[PDB]
Amino acid sequence: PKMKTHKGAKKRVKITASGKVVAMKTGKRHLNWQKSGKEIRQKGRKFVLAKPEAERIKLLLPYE
Amino acid sequence: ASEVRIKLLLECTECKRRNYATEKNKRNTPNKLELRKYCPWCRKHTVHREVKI
RNA sequence: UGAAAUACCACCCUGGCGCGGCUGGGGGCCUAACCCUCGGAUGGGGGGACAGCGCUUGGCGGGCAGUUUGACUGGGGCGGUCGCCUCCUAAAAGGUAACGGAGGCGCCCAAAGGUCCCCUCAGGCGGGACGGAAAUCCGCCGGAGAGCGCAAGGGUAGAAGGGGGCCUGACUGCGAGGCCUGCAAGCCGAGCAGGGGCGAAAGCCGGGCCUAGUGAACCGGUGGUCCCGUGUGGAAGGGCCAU
RNA sequence: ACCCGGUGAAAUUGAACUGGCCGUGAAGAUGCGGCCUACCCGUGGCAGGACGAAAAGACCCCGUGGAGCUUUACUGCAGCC
RNA sequence: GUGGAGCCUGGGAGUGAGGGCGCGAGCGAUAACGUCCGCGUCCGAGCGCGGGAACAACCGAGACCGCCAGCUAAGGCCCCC
RNA sequence: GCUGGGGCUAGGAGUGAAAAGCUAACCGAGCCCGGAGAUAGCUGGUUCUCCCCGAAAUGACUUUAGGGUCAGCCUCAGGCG
RNA sequence: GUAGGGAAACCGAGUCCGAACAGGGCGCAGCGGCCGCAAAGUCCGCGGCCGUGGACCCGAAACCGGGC
RNA sequence: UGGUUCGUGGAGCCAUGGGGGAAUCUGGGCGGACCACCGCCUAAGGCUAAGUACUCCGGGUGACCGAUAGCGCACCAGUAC
RNA sequence: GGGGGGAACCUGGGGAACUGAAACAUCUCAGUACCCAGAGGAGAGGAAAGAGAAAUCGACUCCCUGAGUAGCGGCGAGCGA
Ligand SMILES: [Mg+2]
Ligand SMILES: [Mg+2]
Ligand SMILES: [Mg+2]
Ligand SMILES: [Mg+2]
Ligand SMILES: [Mg+2]
Ligand SMILES: [Mg+2]
Ligand SMILES: [Mg+2]
Ligand SMILES: [Mg+2]
Ligand SMILES: [Mg+2]
Ligand SMILES: [Mg+2]
Ligand SMILES: [Mg+2]
Ligand SMILES: [Mg+2]
Ligand SMILES: [Mg+2]
Ligand SMILES: [Mg+2]
Ligand SMILES: [Mg+2]
Ligand SMILES: [Mg+2]
Ligand SMILES: [Mg+2]
Ligand SMILES: [Mg+2]
Ligand SMILES: [Mg+2]
Ligand SMILES: [Mg+2]
Ligand SMILES: [Mg+2]
Ligand SMILES: [Mg+2]
Ligand SMILES: [Mg+2]
Ligand SMILES: [Mg+2]
Ligand SMILES: [Mg+2]
Ligand SMILES: [Mg+2]
Ligand SMILES: [Mg+2]
Ligand SMILES: [Mg+2]
Ligand SMILES: [Mg+2]
Ligand SMILES: [Mg+2]
Ligand SMILES: [Mg+2]
Ligand SMILES: [Mg+2]
Ligand SMILES: [Mg+2]
Ligand SMILES: [Mg+2]
Ligand SMILES: [Mg+2]
Ligand SMILES: [Mg+2]
Ligand SMILES: [Mg+2]
Ligand SMILES: [Mg+2]
Ligand SMILES: [Mg+2]
Ligand SMILES: [Mg+2]
Ligand SMILES: [Mg+2]
Ligand SMILES: [Mg+2]
Ligand SMILES: [Mg+2]
Ligand SMILES: [Mg+2]
Ligand SMILES: [Mg+2]
Ligand SMILES: [Mg+2]
Ligand SMILES: [Mg+2]
Ligand SMILES: [Mg+2]
Ligand SMILES: [Mg+2]
Ligand SMILES: [Mg+2]
Ligand SMILES: [Mg+2]
Ligand SMILES: [Mg+2]
Ligand SMILES: [Mg+2]
Ligand SMILES: [Mg+2]
Ligand SMILES: [Mg+2]
Ligand SMILES: [Mg+2]
Ligand SMILES: [Mg+2]
Ligand SMILES: [Mg+2]
Ligand SMILES: [Mg+2]
Ligand SMILES: [Mg+2]
Ligand SMILES: [Mg+2]
Ligand SMILES: [Mg+2]
Ligand SMILES: [Mg+2]
Ligand SMILES: [Mg+2]
Ligand SMILES: [Mg+2]
Ligand SMILES: [Mg+2]
Ligand SMILES: [Mg+2]
Ligand SMILES: [Mg+2]
Ligand SMILES: [Mg+2]
Ligand SMILES: [Mg+2]
Ligand SMILES: [Mg+2]
Ligand SMILES: [Mg+2]
Ligand SMILES: [Mg+2]
Ligand SMILES: [Mg+2]
Ligand SMILES: [Mg+2]
Ligand SMILES: [Mg+2]
Ligand SMILES: [Mg+2]
Ligand SMILES: [Mg+2]
Ligand SMILES: [Mg+2]
Ligand SMILES: [Mg+2]
Ligand SMILES: [Mg+2]
Ligand SMILES: [Mg+2]
Ligand SMILES: [Mg+2]
Ligand SMILES: [Mg+2]
Ligand SMILES: [Mg+2]
Ligand SMILES: [Mg+2]
Ligand SMILES: [Mg+2]
Ligand SMILES: [Mg+2]
Ligand SMILES: [Mg+2]
Ligand SMILES: [Mg+2]
Ligand SMILES: [Mg+2]
Ligand SMILES: [Mg+2]
Ligand SMILES: [Mg+2]
Ligand SMILES: [Mg+2]
Ligand SMILES: [Mg+2]
Ligand SMILES: [Mg+2]
Ligand SMILES: [Mg+2]
Ligand SMILES: [Mg+2]
Ligand SMILES: [Mg+2]
Ligand SMILES: [Mg+2]
Ligand SMILES: [Mg+2]
Ligand SMILES: [Mg+2]
Ligand SMILES: [Mg+2]
Ligand SMILES: [Mg+2]
Ligand SMILES: [Mg+2]
Ligand SMILES: [Mg+2]
Ligand SMILES: [Mg+2]
Ligand SMILES: [Mg+2]
Ligand SMILES: [Mg+2]
Ligand SMILES: [Mg+2]
Ligand SMILES: [Mg+2]
Ligand SMILES: [Mg+2]
Ligand SMILES: [Mg+2]
Ligand SMILES: [Mg+2]
Ligand SMILES: [Mg+2]
Ligand SMILES: [Mg+2]
Ligand SMILES: [Mg+2]
Ligand SMILES: [Mg+2]
Ligand SMILES: [Mg+2]
Ligand SMILES: [Mg+2]
Ligand SMILES: [Mg+2]
Ligand SMILES: [Mg+2]
Ligand SMILES: [Mg+2]
Ligand SMILES: [Mg+2]
Ligand SMILES: [Mg+2]
Ligand SMILES: [Mg+2]
Ligand SMILES: [Mg+2]
Ligand SMILES: [Mg+2]
Ligand SMILES: [Mg+2]
Ligand SMILES: [Mg+2]
Ligand SMILES: [Mg+2]
Ligand SMILES: [Mg+2]
Ligand SMILES: [Mg+2]
Ligand SMILES: [Mg+2]
Ligand SMILES: [Mg+2]
Ligand SMILES: [Mg+2]
Ligand SMILES: [Mg+2]
Ligand SMILES: [Mg+2]
Ligand SMILES: [Mg+2]
Ligand SMILES: [Mg+2]
Ligand SMILES: [Mg+2]
Ligand SMILES: [Mg+2]
Ligand SMILES: [Mg+2]
Ligand SMILES: [Mg+2]
Ligand SMILES: [Mg+2]
Ligand SMILES: [Mg+2]
Ligand SMILES: [Mg+2]
Ligand SMILES: [Mg+2]
Ligand SMILES: [Mg+2]
Ligand SMILES: [Mg+2]
Ligand SMILES: [Mg+2]
Ligand SMILES: [Mg+2]
Ligand SMILES: [Mg+2]
Ligand SMILES: [Mg+2]
Ligand SMILES: [Mg+2]
Ligand SMILES: [Mg+2]
Ligand SMILES: [Mg+2]
Ligand SMILES: [Mg+2]
Ligand SMILES: [Mg+2]
Ligand SMILES: [Mg+2]
Ligand SMILES: [Mg+2]
Ligand SMILES: [Mg+2]
Ligand SMILES: [Mg+2]
Ligand SMILES: [Mg+2]
Ligand SMILES: [Mg+2]
Ligand SMILES: [Mg+2]
Ligand SMILES: [Mg+2]
Ligand SMILES: [Mg+2]
Ligand SMILES: [Mg+2]
Ligand SMILES: [Mg+2]
Ligand SMILES: [Mg+2]
Ligand SMILES: [Mg+2]
Ligand SMILES: [Mg+2]
Ligand SMILES: [Mg+2]
Ligand SMILES: [Mg+2]
Ligand SMILES: [Mg+2]
Ligand SMILES: [Mg+2]
Ligand SMILES: [Mg+2]
Ligand SMILES: [Mg+2]
Ligand SMILES: [Mg+2]
Ligand SMILES: [Mg+2]
Ligand SMILES: [Mg+2]
Ligand SMILES: [Mg+2]
Ligand SMILES: [Mg+2]
Ligand SMILES: [Mg+2]
Ligand SMILES: [Mg+2]
Ligand SMILES: [Mg+2]
Ligand SMILES: [Mg+2]
Ligand SMILES: [Mg+2]
Ligand SMILES: [Mg+2]
Ligand SMILES: [Mg+2]
Ligand SMILES: [Mg+2]
Ligand SMILES: [Mg+2]
Ligand SMILES: [Mg+2]
Ligand SMILES: [Mg+2]
Ligand SMILES: [Mg+2]
Ligand SMILES: [Mg+2]
Ligand SMILES: [Mg+2]
Ligand SMILES: [Mg+2]
Ligand SMILES: [Mg+2]
Ligand SMILES: [Mg+2]
Ligand SMILES: [Mg+2]
Ligand SMILES: [Mg+2]
Ligand SMILES: [Mg+2]
Ligand SMILES: [Mg+2]
Ligand SMILES: [Mg+2]
Ligand SMILES: [Mg+2]
Ligand SMILES: [Mg+2]
Ligand SMILES: [Mg+2]
Ligand SMILES: [Mg+2]
Ligand SMILES: [Mg+2]
Ligand SMILES: [Mg+2]
Ligand SMILES: [Mg+2]
Ligand SMILES: [Mg+2]
Ligand SMILES: [Mg+2]
Ligand SMILES: [Mg+2]
Ligand SMILES: [Mg+2]
Ligand SMILES: [Mg+2]
Ligand SMILES: [Mg+2]
Ligand SMILES: [Mg+2]
Ligand SMILES: [Mg+2]
Ligand SMILES: [Mg+2]
Ligand SMILES: [Mg+2]
Ligand SMILES: [Mg+2]
Ligand SMILES: [Mg+2]
Ligand SMILES: [Mg+2]
Ligand SMILES: [Mg+2]
Ligand SMILES: [Mg+2]
Ligand SMILES: [Zn+2]
């Protein structure tokens, strides 16, 4: 039967035009009071997942 | 942080938004903090006050 | 005459009383639902609006059911340990094991932070009321053996130590380029913009001499934003920034 | 039990032309080394060896295996209030 | 320095029980065919070949095939040889 | 007390002067068929030929430790040079 | 497939963060002689490997349903 | 409580075990809590071909088997046992 | 008139567990297996108190697509209009 889109990945991640995989930096969900502003700010960006980890996530998204 | 070293937010006294989180010791510093900080909203320094986290 | 003033009529309160409606709780009684029972039954007797039984509430409940009950380990158990920091092992780059040798963390500081200015230690000898090995004072020697909140190490007086003044950069928006590295993390960061602090200025300031003082995601709370809003306007609910 | 006539199984079996010592070897060797010994093939007997046979060790540990049982483990259910 | 070198993108793995030895340590008892790291090696996968009596990892040496030819390696040259 | 005949009670159930005994020659939950090709991170087994290359037994993390994910190391195709 | 960026509204060779015309993230840009040639892409075949199925074959102890 | 993609969610819709309980178009249900507006539709009675499923049965056809195959059975087989 | 039978198919009433979640309880397996009742050559459904945004469509069934979309989800494994 056809493959299913993994909804947890669909909800965390985006495949960019050239097929990199992009996600939010981890670590500002909470426990933030003593984090510097450099930290909070930088954790506010997206990052490009390491190739082996991205290639795996990509196969979970067969129809994006 | 402990029961006595608490966390707290600082609020633009002019625009009322909480802009900075920080900490203090309430045995040594029982009075509410007041600090001049840059308000990103009001776009200038503003006295900010300790307001409960 | 007091805030308001008088006879007389209303709309309505404080509290309380007697009739009544309507009810909530208790008590007594009744019979006819319902239950038991009686050679006899459209009836008699007994219980009786309880009990039973339906729906729902909360509780007790190994009687039964489904399961869970960590890893390391000179077998396993017992004991010990599990993350983070410092030293050694570590074979003069980095890294490097053992239930190898030794210690620490799970905080703290509104100053113990920024900046300007000033100051310099421990210890030894000699001198000095109470005053001593050691309190404070004077002299000479004294490069760091003292200090640096806490373990250790590295660092450090040409200050990171000690005192004072003004202060909140213990910024907001970003961030060239790197360290480290399986990932994810962790770390350092010049520079530009905004609005500031200190300084005459050069300049310094995006916490703390440094390396521990910590916890991904999911779910949820609170403040903000005003981005989505299930025909439409709202609303519910969510997203986003902060925590 | 043995011998003759009659009938005639079995587990087990990689194949086998299947000695002893001292060594060696995955640490207990017929099978390797060196030596020693030994003509070919049976029958009755003995059980030291072939780590003899049987049984994918039952002890022990391991598997995020199973089941029976317990309780102030967790969660639920019957039952009862 | 042109090598079954290197670098980049991608397809497919397997492995994630190692072991001996030499040197450097720790642990152990300046014990173990002990244990645990480091650098190297070999066996693993070279139980193919020569030497070491025999013998995975000690010495010699990396077996494409054939030869009743030659030279050597370690080790040997009295007989077994 | 023993015994014939005729009956009744069964699977989380019966029955038990109690041994977890017995319930059709193995009962800590009978047997048959079915879900069913349950699941087995374990053991076993995996079949023609030639040619080239050719590993690993480590690190990180892991209810993980004889299982995995990533990295390391092998191999193929394309590119660079 | 021919456009991406953004949680989104939305804008678009840009867009997001931002006060920024700053900086940054993620994006955008064939050969020969108009003809041929190659190509994005896509369709079909073939092969390797992956996912879902019992998924290389054989093997439990068990669990559940209905019967005997 | 069930049904739906919807597992309590902002949870409507359809259905209904318990309680309460209407109206007859100026009535009612619905468009995902709710409200307004704007629309859609007529619950609590019943029936209804065809296009769909299957293959005991008959026929046709196989880059289907060929007696360890193919149905369990080519044969007196759901038989012997 | 009923009763009983019929390989699958069909509707309705009931309704597991292994397993998956690399443990497990919600969740999955699955309204599947299976028991039962009923129908029939089919059965069910069917002529809007529908859909759901089109100023629209126009009973039901069945195939393709929409779409692994929207969503649902210890937001896990997965489930899926
Ligand atoms: Mg999710
Ligand atoms: Mg975060
Ligand atoms: Mg969290
Ligand atoms: Mg947040
Ligand atoms: Mg939050
Ligand atoms: Mg800090
Ligand atoms: Mg900061
Ligand atoms: Mg802060
Ligand atoms: Mg921000
Ligand atoms: Mg699509
Ligand atoms: Mg695309
Ligand atoms: Mg009475
Ligand atoms: Mg009476
Ligand atoms: Mg009576
Ligand atoms: Mg009475
Ligand atoms: Mg009552
Ligand atoms: Mg009754
Ligand atoms: Mg109630
Ligand atoms: Mg209850
Ligand atoms: Mg139990
Ligand atoms: Mg209990
Ligand atoms: Mg029991
Ligand atoms: Mg289970
Ligand atoms: Mg547990
Ligand atoms: Mg556990
Ligand atoms: Mg263990
Ligand atoms: Mg031990
Ligand atoms: Mg072990
Ligand atoms: Mg050990
Ligand atoms: Mg031992
Ligand atoms: Mg051992
Ligand atoms: Mg213990
Ligand atoms: Mg920790
Ligand atoms: Mg070192
Ligand atoms: Mg060192
Ligand atoms: Mg070193
Ligand atoms: Mg070295
Ligand atoms: Mg390095
Ligand atoms: Mg230990
Ligand atoms: Mg300790
Ligand atoms: Mg001061
Ligand atoms: Mg300081
Ligand atoms: Mg100062
Ligand atoms: Mg002195
Ligand atoms: Mg003196
Ligand atoms: Mg004196
Ligand atoms: Mg003195
Ligand atoms: Mg010192
Ligand atoms: Mg201390
Ligand atoms: Mg001032
Ligand atoms: Mg960088
Ligand atoms: Mg990195
Ligand atoms: Mg300035
Ligand atoms: Mg400035
Ligand atoms: Mg000035
Ligand atoms: Mg700076
Ligand atoms: Mg300090
Ligand atoms: Mg510190
Ligand atoms: Mg941190
Ligand atoms: Mg979760
Ligand atoms: Mg989790
Ligand atoms: Mg949330
Ligand atoms: Mg609306
Ligand atoms: Mg709006
Ligand atoms: Mg609506
Ligand atoms: Mg309005
Ligand atoms: Mg609006
Ligand atoms: Mg409003
Ligand atoms: Mg809102
Ligand atoms: Mg909001
Ligand atoms: Mg946020
Ligand atoms: Mg004779
Ligand atoms: Mg005879
Ligand atoms: Mg022979
Ligand atoms: Mg012989
Ligand atoms: Mg020996
Ligand atoms: Mg032997
Ligand atoms: Mg021997
Ligand atoms: Mg012999
Ligand atoms: Mg021989
Ligand atoms: Mg011999
Ligand atoms: Mg011999
Ligand atoms: Mg002899
Ligand atoms: Mg004999
Ligand atoms: Mg014998
Ligand atoms: Mg005998
Ligand atoms: Mg023997
Ligand atoms: Mg014997
Ligand atoms: Mg034996
Ligand atoms: Mg045997
Ligand atoms: Mg077996
Ligand atoms: Mg065994
Ligand atoms: Mg065993
Ligand atoms: Mg046992
Ligand atoms: Mg054991
Ligand atoms: Mg066990
Ligand atoms: Mg476990
Ligand atoms: Mg395990
Ligand atoms: Mg278990
Ligand atoms: Mg069990
Ligand atoms: Mg009782
Ligand atoms: Mg080349
Ligand atoms: Mg090579
Ligand atoms: Mg190579
Ligand atoms: Mg392949
Ligand atoms: Mg692998
Ligand atoms: Mg492996
Ligand atoms: Mg392993
Ligand atoms: Mg290992
Ligand atoms: Mg091993
Ligand atoms: Mg090795
Ligand atoms: Mg090793
Ligand atoms: Mg040896
Ligand atoms: Mg070694
Ligand atoms: Mg030597
Ligand atoms: Mg050594
Ligand atoms: Mg050492
Ligand atoms: Mg000795
Ligand atoms: Mg060893
Ligand atoms: Mg040794
Ligand atoms: Mg040793
Ligand atoms: Mg080695
Ligand atoms: Mg091997
Ligand atoms: Mg060799
Ligand atoms: Mg080799
Ligand atoms: Mg060989
Ligand atoms: Mg040799
Ligand atoms: Mg030799
Ligand atoms: Mg020789
Ligand atoms: Mg050799
Ligand atoms: Mg060669
Ligand atoms: Mg010669
Ligand atoms: Mg020589
Ligand atoms: Mg010789
Ligand atoms: Mg009798
Ligand atoms: Mg009798
Ligand atoms: Mg009888
Ligand atoms: Mg009898
Ligand atoms: Mg009985
Ligand atoms: Mg019975
Ligand atoms: Mg029965
Ligand atoms: Mg049973
Ligand atoms: Mg019983
Ligand atoms: Mg008895
Ligand atoms: Mg039987
Ligand atoms: Mg039996
Ligand atoms: Mg029996
Ligand atoms: Mg028995
Ligand atoms: Mg059982
Ligand atoms: Mg059972
Ligand atoms: Mg059956
Ligand atoms: Mg199944
Ligand atoms: Mg299966
Ligand atoms: Mg299992
Ligand atoms: Mg097993
Ligand atoms: Mg095969
Ligand atoms: Mg080769
Ligand atoms: Mg390893
Ligand atoms: Mg990890
Ligand atoms: Mg762990
Ligand atoms: Mg864990
Ligand atoms: Mg395993
Ligand atoms: Mg790999
Ligand atoms: Mg390489
Ligand atoms: Mg490769
Ligand atoms: Mg190439
Ligand atoms: Mg840009
Ligand atoms: Mg062409
Ligand atoms: Mg093409
Ligand atoms: Mg693949
Ligand atoms: Mg299957
Ligand atoms: Mg299969
Ligand atoms: Mg497969
Ligand atoms: Mg099986
Ligand atoms: Mg059994
Ligand atoms: Mg069970
Ligand atoms: Mg059971
Ligand atoms: Mg049963
Ligand atoms: Mg039964
Ligand atoms: Mg309801
Ligand atoms: Mg439901
Ligand atoms: Mg929800
Ligand atoms: Mg709903
Ligand atoms: Mg109802
Ligand atoms: Mg109307
Ligand atoms: Mg109305
Ligand atoms: Mg309605
Ligand atoms: Mg309604
Ligand atoms: Mg409505
Ligand atoms: Mg509607
Ligand atoms: Mg409608
Ligand atoms: Mg009908
Ligand atoms: Mg017709
Ligand atoms: Mg039809
Ligand atoms: Mg047909
Ligand atoms: Mg036919
Ligand atoms: Mg034929
Ligand atoms: Mg035959
Ligand atoms: Mg046959
Ligand atoms: Mg034949
Ligand atoms: Mg036939
Ligand atoms: Mg047959
Ligand atoms: Mg036959
Ligand atoms: Mg027959
Ligand atoms: Mg009937
Ligand atoms: Mg019939
Ligand atoms: Mg049904
Ligand atoms: Mg019925
Ligand atoms: Mg049902
Ligand atoms: Mg049941
Ligand atoms: Mg289950
Ligand atoms: Mg299964
Ligand atoms: Mg699965
Ligand atoms: Mg499971
Ligand atoms: Mg599992
Ligand atoms: Mg288990
Ligand atoms: Mg389960
Ligand atoms: Mg399954
Ligand atoms: Mg289901
Ligand atoms: Mg059914
Ligand atoms: Mg069936
Ligand atoms: Mg019938
Ligand atoms: Mg028809
Ligand atoms: Mg019909
Ligand atoms: Mg009909
Ligand atoms: Mg009609
Ligand atoms: Mg589409
Ligand atoms: Mg389902
Ligand atoms: Zn402000």
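Does the stretch A:37-57 contain at least one residue that is within 16 Å of ligand 11 (Cβ to nearest atom), without any contact (Cβ under 8 Å) to a residue 60 or more places away in the chain and on the phi < 0 side of the Ramachandran plot? The answer is yes, given that some residue of the stretch A:37-57 is within 16 Å of ligand 11 (Cβ to nearest atom), without any contact (Cβ under 8 Å) to a residue 60 or more places away in the chain and on the phi < 0 side of the Ramachandran plot. Yes or no: the stretch A:35-58 includes at least one residue that is under 30 Å from B:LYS24 (Cα atoms) and touching a strand residue (DSSP E or B) at 6+ places or on another chain (Cβ under 7 Å). No, that holds for no residue. Taken over the stretch B:15-51, the criterion of being within 14 Å of chain A (Cβ to nearest Cβ) and basic (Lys, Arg) is satisfied by B:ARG18, B:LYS24, B:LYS37. Scanning the stretch A:6-64 for residues that are within 14 Å of chain B (Cβ to nearest Cβ), within 16 Å of ligand 7 (Cβ to nearest atom) and assigned to a loop (DSSP other than H, G, I, E, B) yields A:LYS28, A:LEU31, A:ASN32, A:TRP33, A:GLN34, A:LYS35, A:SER36, A:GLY44.
Coordinate-derived values only; no laboratory data. Positions of Cβ are backbone-derived with ideal geometry, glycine not excepted, and every protein chain shown enters the neighbour counts.
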